[PDB]
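Below: one structure, written as structure tokens.
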Protein chains: 2
Amino acid sequence: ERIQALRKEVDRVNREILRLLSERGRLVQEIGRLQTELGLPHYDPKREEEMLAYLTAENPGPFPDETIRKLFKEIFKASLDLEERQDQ
Amino acid sequence: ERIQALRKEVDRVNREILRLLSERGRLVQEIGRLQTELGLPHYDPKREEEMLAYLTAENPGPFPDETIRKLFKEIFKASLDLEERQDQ
């Protein structure tokens, strides 16, 4: 039905997000190895604030900025678990 | 430099994720209104498990399944904050 159809669309969106998250993971691993090689820190609060700034500004809804902010903070933390460990 | 270039790629990926999350939000709001209209529950643990099942199975890395599972659980919770409130 309509709900079945919509859930299938959500499945497609979920998979797209998984692909992008994986792409993002590959990118942060590369940044991490470069930071290691150059003796630069991996933890950068300034960079996190900068990303949250344009994401909350560009947020088109329906999610409130507060939610977008929290979701991305979770993504950033999941990434640290890489920039400190497995990198490129 | 290389880090600057990579951060710009991360910015592009972040924005793509924001778009998909917003698309996802619109979809769940629609499902929510249909559930309300049909007298169906909004909270469905069975559905959440089903999504985590194919996402962890299809996970290509570098993120571990455990991380993918947690990130999506956060996305599902952020969505409830909609399926219960603002819907289509």
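By convention in this document, the chains of the structure tokens carry letters A, B, ... by their order, each chain's residues are numbered from 1, and ligands are numbered from 1 in the order they are shown.
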Exercise. With a distance cut-off of 12 Å and only C-alpha atoms, select the neighbouring residues of residue 35 (chain B), excluding the residue or stretch itself and same-chain residues fewer than 6 positions from it, and output the selection as a ChimeraX atom specification.
Key: /A:1-4,6 /B:28-29,41-44,83-84,87-88
Return as a Markdown table the residues of chain B lying at most 7 Å from chain A, together with the closest atom-to-atom pair for each and the distance in Å to one decimal, counting only C-alpha atoms, with rows in chain order and ascending residue number.
```
| residue | atom | partner | partner_atom | distance |
| --- | --- | --- | --- | --- |
| B:3 | CA | A:31 | CA | 5.8 |
| B:6 | CA | A:27 | CA | 6.5 |
| B:10 | CA | A:24 | CA | 6.2 |
| B:13 | CA | A:24 | CA | 6.4 |
| B:15 | CA | A:55 | CA | 6.9 |
| B:17 | CA | A:17 | CA | 6.3 |
| B:20 | CA | A:13 | CA | 6.5 |
| B:22 | CA | A:61 | CA | 5.9 |
| B:24 | CA | A:10 | CA | 6.2 |
| B:25 | CA | A:62 | CA | 6.0 |
| B:26 | CA | A:62 | CA | 6.5 |
| B:27 | CA | A:6 | CA | 6.5 |
| B:31 | CA | A:3 | CA | 5.8 |
| B:55 | CA | A:15 | CA | 6.9 |
| B:61 | CA | A:22 | CA | 5.9 |
| B:62 | CA | A:25 | CA | 6.0 |
| B:63 | CA | A:25 | CA | 6.6 |
| B:67 | CA | A:78 | CA | 6.7 |
| B:71 | CA | A:74 | CA | 6.9 |
| B:74 | CA | A:71 | CA | 6.9 |
| B:75 | CA | A:71 | CA | 6.9 |
| B:78 | CA | A:67 | CA | 6.7 |
```
Quiz prompt | Test item, alpha helix (DSSP H) assignment across chain B, answer as a PyMOL selection string | solution = chain B and resi 2-38+45-58+65-83
Would you output that residue set with C-alpha atoms, as a compact mmCIF listing (two decimals), in the first residue's frame?
```txt
# COMPACT_ATOMS: atom_id res chain seq x y z
CA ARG B 2 45.68 17.85 0.55
CA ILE B 3 43.87 18.26 3.86
CA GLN B 4 42.10 21.37 2.55
CA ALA B 5 41.01 19.49 -0.56
CA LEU B 6 39.77 16.52 1.46
CA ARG B 7 37.85 18.76 3.86
CA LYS B 8 36.10 20.30 0.88
CA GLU B 9 35.12 16.80 -0.26
CA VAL B 10 33.80 16.14 3.25
CA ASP B 11 31.80 19.37 2.99
CA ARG B 12 30.24 18.13 -0.26
CA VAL B 13 29.44 14.77 1.37
CA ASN B 14 28.01 16.47 4.47
CA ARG B 15 25.65 18.50 2.30
CA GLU B 16 24.57 15.42 0.37
CA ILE B 17 23.81 13.68 3.65
CA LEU B 18 21.82 16.69 4.82
CA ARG B 19 19.76 16.51 1.63
CA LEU B 20 19.08 12.80 2.04
CA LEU B 21 18.20 13.20 5.72
CA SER B 22 15.71 15.91 4.75
CA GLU B 23 14.28 13.67 2.03
CA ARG B 24 14.02 10.91 4.64
CA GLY B 25 12.28 13.27 7.04
CA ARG B 26 9.66 14.16 4.44
CA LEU B 27 9.04 10.46 3.81
CA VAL B 28 8.63 9.51 7.46
CA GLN B 29 6.26 12.45 8.00
CA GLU B 30 4.08 11.05 5.24
CA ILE B 31 4.18 7.54 6.72
CA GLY B 32 3.27 9.10 10.05
CA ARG B 33 0.15 10.83 8.77
CA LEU B 34 -0.97 7.60 7.09
CA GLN B 35 -0.43 5.65 10.32
CA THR B 36 -2.45 8.26 12.21
CA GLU B 37 -5.26 8.09 9.65
CA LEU B 38 -5.28 4.28 9.72
CA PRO B 45 10.77 -2.01 16.67
CA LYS B 46 10.27 -4.74 14.06
CA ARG B 47 10.72 -2.21 11.23
CA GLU B 48 13.82 -0.72 12.87
CA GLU B 49 15.38 -4.18 13.17
CA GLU B 50 14.59 -4.90 9.53
CA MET B 51 16.38 -1.76 8.35
CA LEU B 52 19.41 -2.35 10.57
CA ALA B 53 19.52 -5.89 9.16
CA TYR B 54 20.07 -4.93 5.53
CA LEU B 55 22.22 -1.91 6.41
CA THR B 56 24.66 -3.97 8.48
CA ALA B 57 24.62 -6.70 5.82
CA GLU B 58 25.32 -4.23 3.00
CA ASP B 65 28.64 -2.67 11.59
CA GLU B 66 28.38 -1.58 15.22
CA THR B 67 28.91 2.04 14.22
CA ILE B 68 26.48 1.87 11.28
CA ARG B 69 23.93 0.34 13.62
CA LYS B 70 24.34 3.17 16.16
CA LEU B 71 24.29 5.98 13.61
CA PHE B 72 21.09 4.72 12.04
CA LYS B 73 19.48 4.19 15.44
CA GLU B 74 20.15 7.90 16.04
CA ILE B 75 18.52 8.70 12.70
CA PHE B 76 15.49 6.56 13.59
CA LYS B 77 15.11 8.32 16.94
CA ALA B 78 15.40 11.73 15.29
CA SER B 79 12.61 10.59 12.97
CA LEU B 80 10.28 9.51 15.79
CA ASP B 81 10.51 13.10 16.93
CA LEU B 82 8.53 13.65 13.71
CA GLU B 83 6.29 10.60 13.27
```
